[PDB]
Enquirer: 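My questions will all concern the structure given below.
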Amino acid sequence: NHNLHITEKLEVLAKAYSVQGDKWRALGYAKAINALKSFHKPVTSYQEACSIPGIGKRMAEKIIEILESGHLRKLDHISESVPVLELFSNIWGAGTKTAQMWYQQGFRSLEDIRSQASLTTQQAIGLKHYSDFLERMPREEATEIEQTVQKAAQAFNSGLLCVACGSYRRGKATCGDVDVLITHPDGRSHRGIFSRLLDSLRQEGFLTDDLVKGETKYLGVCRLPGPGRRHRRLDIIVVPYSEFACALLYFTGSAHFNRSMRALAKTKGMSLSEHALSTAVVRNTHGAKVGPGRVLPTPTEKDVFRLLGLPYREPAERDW
DNA sequence: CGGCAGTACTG
DNA sequence: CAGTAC
DNA sequence: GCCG
Ligand SMILES: [Mn+2]
Ligand SMILES: [Mn+2]
Ligand SMILES: [Mn+2]
Ligand code: NA
Ligand code: NA
């Protein structure tokens with residue numbers, strides 16, 4: 001990063017807008033920040049600033065104030081509420097609206113939340129694991145978790161295929177959670193397995209709390225046996241083999257990579273989701289789908305890139 | 001002016 | 001539905 | 001916030 005002295009200050013305003021609910025402005029900051037993190041050289045002119053995609057007038061002005069002054073004065077007017085809003089929205093299941101409501105109602109600390117707030121089932125689990133869910137795990141531990149889920153899955157059906165996606169598959173040395181994708185090449189045997197799979201993972205004490213228990217998605221909490229172990233977030237998705245390539249693409253990410261590809265598909269009258277790549281999609285004035293189009297055959301990730309006119313990228317080059 | 005990705009789950 | 005999360 |  002040739003522009004840390006700039007990016008460091010912008011990230012503060014980005015987080016501030018984000019926890020206060022100004023999501024599009026925060027999105028603009030996030031994009032500019034990675035634009036800057038990716039410039040080869042330091043930014044040293046206003047007109048150089050505008051040269052970068054994702055940096056416009058208002059952002060170039062801020063970068064200019066920063067180098068001429070070493071400071072950004074907007075930093076000195078950020079609401080006193082922002083650190084508390086960040087504290088509260090780091091509870092899993094509590095976002096900006098819940099955080100702002102708790103703040104309005106007088107709560108200022110997690111002790112206040114614990115003793116006085118009315119929590120959803122999910123948020124009570126989030127609070128109980130507050131510290132652990134802010135911690136990443138070593139890659140090696142993600143492997144043991146993936147293998148734990150796969151052994152329990154293949155006990156029921158040896159044909160089941162399980163793959164850890166997310167940051168693990170992008171090759172990162174540490175992982176925020178473990179994202180396990182499960183399918184079956186027979187196109188049928190994936191059905192109805194969650195019941196038994198999850199009950200198998202509880203019987204041993206591995207699965208400790210459930211956050212979401214859907215027909216296709218499980219989100220929850222696990223902990224490997226023995227001393228020195230933290231609770232870890234675990235996500236499991238079960239998909240039909242027909243959708244494996246698009247599900248793998250989605251669940252490998254990164255988030256900004258997915259958003260970028262899906263935005264590209266839209267420009268081409270196509271639609272990309274965790275289910276399928278579709279073409280001939282009909283949309284209205286506002287970019288919203290009004291006609292579904294046709295699913296395109298995508299047996300592999302490479303096919304999705306190809307049909308979008310893009311060169312293939314291995315997972316590690318998707319870490320955007 | 002207005003989109004900024006597309007979807008699943010919860011109550 | 002709004003809210004939240006992936 | 002940026003950009004078409
Ligand atoms: Mn993940
Ligand atoms: Mn996850
Ligand atoms: Mn713990
Ligand atoms: Na630009
Ligand atoms: Na949260």
Side-chain angles (χ1 to χ4, degrees), chain A residues 10 14 16-22 24-33 35-36 49-50 52-54 56 59-62 88-102 118-126 133 165-167 176-181 194 210-212 214 216-220 233-239 243 246-247 249-268 270-278 281 283-284 286-288 292-293 308 320:
Chain A
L10 298 174
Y17 287 125
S18 178
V19 304
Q20 290 173 113
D22 193 353
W24 302 125
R25 181 168 284 128
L27 182 61
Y29 273 77
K31 282 187 181 181
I33 285 161
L36 290 169
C50 311
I52 308 95
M59 203 66 36
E61 301 176 349
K62 290 176 216 292
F88 290 167
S89 69
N90 278 341
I91 300 170
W92 203 99
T96 182
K97 300 292 193 175
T98 298
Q100 294 190 284
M101 176 250 266
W102 285 333
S118 75
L119 301 168
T120 67
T121 298
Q122 294 170 342
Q123 291 160 355
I125 294 167
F133 288 179
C165 296
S167 57
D177 74 338
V178 186
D179 304 299
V180 182
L181 176 63
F194 259 137
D210 304 334
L211 296 166
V212 164
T216 71
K217 294 197 322 183
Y218 169 82
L219 292 81
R233 282 274 293 101
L234 174 58
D235 291 346
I236 299 171
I237 303 176
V238 179
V239 305
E243 306 183 348
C246 286
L249 192 63
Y250 155 72
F251 209 28
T252 298
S254 70
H256 270 329
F257 178 81
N258 288 349
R259 290 173 82 161
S260 301
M261 297 252 288
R262 297 169 175 207
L264 181 66
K266 185 177 280 201
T267 71
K268 309 184 153 346
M270 301 166 73
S271 188
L272 178 61
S273 79
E274 42 255 65
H275 296 297
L277 180 68
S278 318
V281 188
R283 289 168 169 103
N284 60 7
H286 313 86
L308 288 175
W320 299 6

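Just so you know, these numbers use all the heavy atoms, side chains as well, and skip hydrogens, waters and symmetry mates. Throughout, protein chains are lettered first and strands after them, A, B, ... in sequence-line order, and every chain is numbered starting at 1.
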Enquirer: Among D:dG1, B:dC9, C:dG3, which nucleotide sits nearest the side chain of A:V212?
Expert: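 Nearest listed nucleotide: B:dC9.
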Enquirer: Is a side-chain N or O of A:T216 found less than 3.5 angstrom from the main chain of A:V238, in a donor-acceptor match?
Expert: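 Not a single qualifying donor-acceptor pair exists.
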Enquirer: It should be established whether A:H256 places a side-chain nitrogen or oxygen under 4.0 Å from OP1 or OP2 of nucleotide B:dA5.
Expert: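 Checking B:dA5 against A:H256, no side-chain N or O comes under 4.0 Å of OP1 or OP2.
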Enquirer: Contact class for A:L272 (heavy atom, under 4.0 Å): base, sugar-phosphate, or nothing?
Expert: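 Counting heavy atoms under 4.0 Å across all strands, the contact made by A:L272 is with sugar-phosphate only.
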Enquirer: Name the nucleic acid region contacted by A:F251, choosing base, sugar-phosphate or nothing; use a 4.0 angstrom heavy-atom cut-off, strictly under.
Expert: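 The answer is nothing, as A:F251 stays clear of every strand by at least 4.0 Å.
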Enquirer: Can you measure A:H286 atom NE2 to B:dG6 atom P for me and round it to whole angstrom units?
Expert: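 These atoms are roughly 15 Å apart.
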Enquirer: Ignoring backbone atoms, test whether A:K217 places a side-chain nitrogen or oxygen under 4.0 Å from the OP1 or OP2 oxygen of B:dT7.
Expert: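 So the side-chain polar atoms of A:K217 never come under 4.0 Å of the phosphate oxygens OP1 or OP2 of B:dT7.
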Enquirer: Main chain of A:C165, side chain of A:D179: is a donor-acceptor contact present, judged purely on distance under 3.5 Å?
Expert: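 Pair absent, no side-chain N/O of A:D179 close to backbone of A:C165.
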Enquirer: Just say parallel, tilted or perpendicular for the rings of A:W102 and A:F88, cut-offs at 30° and 60°.
Expert: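 The arrangement is perpendicular - the two ring planes meet at more than 60°.
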Enquirer: Given atom CG of A:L219 and atom P of B:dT7, what is their separation to the nearest angstrom?
Expert: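 Nearest whole value for this atom pair: 18 Å.
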Enquirer: Stepwise, does the ring pair (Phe, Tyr, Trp, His ring centres under 6.0 Å) test hold for A:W92 with A:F133?
Expert: CA-CA 8 Å; A:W92 203 99; A:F133 288 179; 7.7 Å; no
Enquirer: Do A:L36 and A:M59 pass the side-chain contact (heavy atoms from CB on, under 4.5 Å) test, and can you show the C-alpha distance, the side-chain angles, and the key distance before you say yes or no?
Expert: CA-CA 11 Å; A:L36 290 169; A:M59 203 66 36; 5.7 Å; no
Enquirer: Would you mind telling me which of B:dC9, C:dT4, C:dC6 lies closest to the side-chain atoms of A:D179?
Expert: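 Nearest listed nucleotide: C:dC6.
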Enquirer: Which class fits the ring pair A:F257 and A:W320: parallel under 30°, tilted 30 to 60°, perpendicular over 60°?
Expert: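 The arrangement is perpendicular - the two ring planes meet at more than 60°.
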Enquirer: Positive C1'-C2'-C3'-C4' counts as north, negative as south. Which one applies to B:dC1?
Expert: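 That sugar belongs to the south family, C2'-endo side.
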Enquirer: Centroid distance below 5.5 Å plus an interplanar angle below 30 degrees: do A:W24 and B:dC4 meet both conditions?
Expert: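 Given the distance and angle limits, yes, they stack.
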Enquirer: Indicate whether OP1 or OP2 belonging to B:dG6 is found under 4.0 Å from a side-chain N or O atom of A:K266.
Expert: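 Checking A:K266 against B:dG6: at least one side-chain N or O falls below 4.0 Å of OP1 or OP2.
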Enquirer: Would you classify A:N258 as touching base, sugar-phosphate or nothing, given that sugar-phosphate means primed atoms plus P, OP1 and OP2, and contacts are heavy atoms under 4.0 Å?
Expert: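 The residue A:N258 makes no contact with any strand.
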Enquirer: For the pair made of CG in A:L264 and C1' in D:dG4, what is the distance, rounded to whole Å?
Expert: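 For the pair A:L264 CG and D:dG4 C1', the rounded distance is 15 Å.
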Enquirer: Any side-chain N or O of A:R262 below 4.0 angstrom from OP1/OP2 of B:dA5?
Expert: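 Looking at the OP1 and OP2 atoms of B:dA5, neither is under 4.0 Å from any side-chain N or O of A:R262.
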Enquirer: Without decimals, in angstroms, what is the distance between A:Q122 CD and B:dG11 P?
Expert: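 Taking CD of A:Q122 and P of B:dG11, I get 7 Å after rounding.
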Enquirer: Look at all strands and tell whether A:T98 reaches a base, only sugar-phosphate, or nothing, counting heavy atoms closer than 4.0 Å.
Expert: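 Sugar-phosphate, backbone atoms only, no base.
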Enquirer: Rounded to whole Å, please give me the gap between CZ in A:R283 and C1' in B:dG2.
Expert: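 So the CZ-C1' distance, A:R283 to B:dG2, works out to 16 Å.
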Enquirer: Under 4.0 Å, heavy atoms only, any strand: does A:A94 hit a base, just the sugar-phosphate, or nothing?
Expert: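 Answer is sugar-phosphate: A:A94 comes under 4.0 Å of backbone atoms only.
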Enquirer: Distance check: side-chain N/O of A:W92 vs OP1/OP2 of C:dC6, anything under 4.0 Å?
Expert: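 Yes, because at least one side-chain N or O of A:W92 sits under 4.0 Å from OP1 or OP2 of C:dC6.
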Enquirer: Send over the distance from A:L10 CG to D:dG1 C1', rounded to a whole Å.
Expert: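 Atom-to-atom, A:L10 to D:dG1, this comes out as 10 Å.
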Enquirer: Expressed as a whole number of angstroms, how long is the span from A:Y29:OH to D:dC2:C1'?
Expert: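 Those two atoms, OH and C1', are 11 Å apart.
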Enquirer: Does B:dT7 have OP1 or OP2 sitting under 4.0 Å from an N or O in the side chain of A:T216?
Expert: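 Answer no for this pair, as no side-chain N or O of A:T216 is under 4.0 Å from OP1 or OP2.
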Enquirer: Applying a 4.0 Å non-hydrogen cut-off, can you work out what A:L277 is touching in the nucleic acid: base, sugar-phosphate, or nothing?
Expert: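 The residue A:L277 makes no contact with any strand.
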Enquirer: Pairing check on B:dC9: which nucleotide meets the Watson-Crick or G-U wobble criteria with it, both distances under 3.5 Å?
Expert: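 WC or wobble partner is C:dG3.
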Enquirer: So does A:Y17 get a side-chain nitrogen or oxygen closer than 4.0 Å to the phosphate oxygens (OP1/OP2) of D:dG1?
Expert: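 A:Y17 to D:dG1 OP1/OP2: side-chain N or O found under 4.0 Å.
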